[PDB]
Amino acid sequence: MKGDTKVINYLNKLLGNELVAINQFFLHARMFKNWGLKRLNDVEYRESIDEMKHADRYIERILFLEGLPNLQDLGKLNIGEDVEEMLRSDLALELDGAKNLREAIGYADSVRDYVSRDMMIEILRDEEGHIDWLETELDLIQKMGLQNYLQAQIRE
């Protein structure tokens, strides 16, 4: 069906967020693996699967709405140079992405695009879990200090 123009615009924006997140995951996972940080690597990998699914859903919805994927400028990634900077950068991305997603959800709801709204609601639930994980690891880094946090990742 021909979708709402502004919904399709939101979906394109959100798809670009997902792609940026995937890009940043691709680098982080490998950095963590190189440092021996198995648990951080594994969480990054699992969350990347989620983000790919999100991106899949966006493209399918855009195409079903007779729109075409068309990305905004995705910008410069802030990769980070140490584990705290990396996770803090992820948190920044994830908080902005959740803000965008709430805006889109409200808008889709307001114009009776309930299928788009419901899709986005599911994605947001996943993103809130990503945020919770990040915030929790960053709180540990503050409590323990980064070096002590890194040393606690080392497996018996």
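Numbering starts at 1 and follows the sequence shown.
- Remark: stretch with higher mean C-alpha B factor among 67-75 and 80-88 is 67-75.
- Mean CA B-factor, 40-48 versus 121-129: the higher value falls on 40-48.
- Between the residues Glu94, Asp113, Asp56, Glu103, the entry's highest C-alpha temperature factor is the one at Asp56.
- In the PDB entry, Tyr107 places in the lowest third of its chain by CA B-factor.
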